[PDB]
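Encoded as structure tokens, the structure appears first; notes follow it.
FYI the Cβ positions are ideal-geometry reconstructions off the backbone, even for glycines, and counts take in every protein chain you see. Derivation of every value follows stated rules applied to the coordinates shown; laboratory data play no part.
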Amino acid sequence: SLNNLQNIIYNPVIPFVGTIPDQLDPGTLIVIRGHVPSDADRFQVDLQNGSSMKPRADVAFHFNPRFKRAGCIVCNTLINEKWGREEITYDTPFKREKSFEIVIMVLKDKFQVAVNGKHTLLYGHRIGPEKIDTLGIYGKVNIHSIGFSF
Ligand SMILES: CC(=O)N[C@@H]1[C@@H](O)[C@H](O[C@@H]2O[C@H](CO)[C@H](O)[C@H](O)[C@H]2O)[C@@H](CO)O[C@H]1O
Ligand code: NA
Ligand code: NI
């Protein structure tokens, strides 16, 4: 499953913005390992069409764990600097002060996300995955490694 994983970024400064080195075709994996700090309110993993900041680049897949109250994961898409319809997942595996491994698997019609070896959620494509060339990681999170399996 991770036998083809190639980690290429270690302990990046957050915020991290980096070009994805290949097209996110079906079967592609994005693997992100790190920690949630004790004071974390939220962090996000954004799969972006480009790295523009002004105006803000479209986010095909916003994967946004939030830790207040019982915690959740918000997923959404940003187009023309505007958010679409939120898909909220309340069964979240993330915890402050806990390590994690996020595996984002890119499928034909959706993303399938597993955390710590366990399925977490699905997100149907709203932007064609071929337009995704940039990985952004923002917020209160510590990242040990970013890798890809194409
Ligand atoms: C229950 C609900 O709809 N809450 C919404 C927030 O999640 C949302 O925050 C926004 O949610 C976005 C994803 O949907 C991003 O995470 C962004 O950082 C964050 O500010 C705001 C602004 O769109 O609207 C509230 O009504
Ligand atoms: Na945001
Ligand atoms: Ni550590």
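For this structure, a couple of remarks:
- Consider region 6-57 and keep the residues that are buried (at least 16 other Cβ atoms within 10 Å of the Cβ), of a type in the set (S, T, N, Q) and away from ligand 2 (no atom under 14 Å from the Cβ). The one that is farthest from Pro93 (Cα to Cα) is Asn49.
- Yes/no for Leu107 being more than 16 Å from ligand 3 (Cβ to nearest atom), touching a helix residue (DSSP H, G or I) at 6+ places or on another chain (Cβ under 7 Å) and of a type in the set (A, V, I, L, M): no
- Here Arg96, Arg69 are screened, and the one residue that is within 22 Å of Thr120 (Cβ to Cβ), free of Cβ contacts under 8 Å to residues at least 12 places away in the same chain and of a type outside the set (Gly, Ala, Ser) is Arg69.
- Any chance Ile102 is within 12 Å of ligand 1 (Cβ to nearest atom) and surrounded by 13 or more Cβ atoms within 10 Å (Cβ to Cβ): no
- Each residue in region 82-99 was checked for being surrounded by 12 or more Cβ atoms within 10 Å (Cβ to Cβ) and within 17 Å of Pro55 (Cβ to Cβ), and 2 of them qualify.
- Output for region 1-15, where each listed residue is closer than 12 Å to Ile146 by Cα and of a type in the set (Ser, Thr, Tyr): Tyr10
- Here is the figure for region 117-150: residues that are more than 16 Å from ligand 1 (Cβ to nearest atom), free of Cβ contacts under 8 Å to residues at least 60 places away in the same chain and under 14 Å from the mean Cα position of the chain (by Cα) total 2.
- One residue stands out in region 105-116 among those that are among the aliphatic types (A, V, I, L, M) and free of Cβ contacts under 8 Å to residues at least 60 places away in the same chain: the one that is surrounded by the most Cβ atoms within 10 Å (Cβ to Cβ), namely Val113.
Matching residues to (1) in contact with a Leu (Cβ under 9 Å, 6 or more places away or on another chain); (2) farther than 15 Å from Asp133 by Cβ; (3) touching a residue at least 24 places away in the same chain (Cβ under 8 Å); (4) of a type in the set (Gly, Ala, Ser):
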position: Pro12; (1), (2), (3), (4): no, yes, yes, no
position: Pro15; (1), (2), (3), (4): no, yes, yes, no
position: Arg33; (1), (2), (3), (4): no, yes, yes, no
position: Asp39; (1), (2), (3), (4): no, yes, yes, no
position: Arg42; (1), (2), (3), (4): no, yes, yes, no
position: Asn49; (1), (2), (3), (4): no, no, yes, no
position: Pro55; (1), (2), (3), (4): no, yes, yes, no
position: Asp58; (1), (2), (3), (4): yes, no, yes, no
position: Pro65; (1), (2), (3), (4): no, yes, yes, no
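- Per this entry, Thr77 is not counted among residues that are among the hydroxyl-bearing types (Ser, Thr, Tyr), more than 12 Å from ligand 1 (Cβ to nearest atom) and over 22 Å from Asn11 (Cβ atoms).
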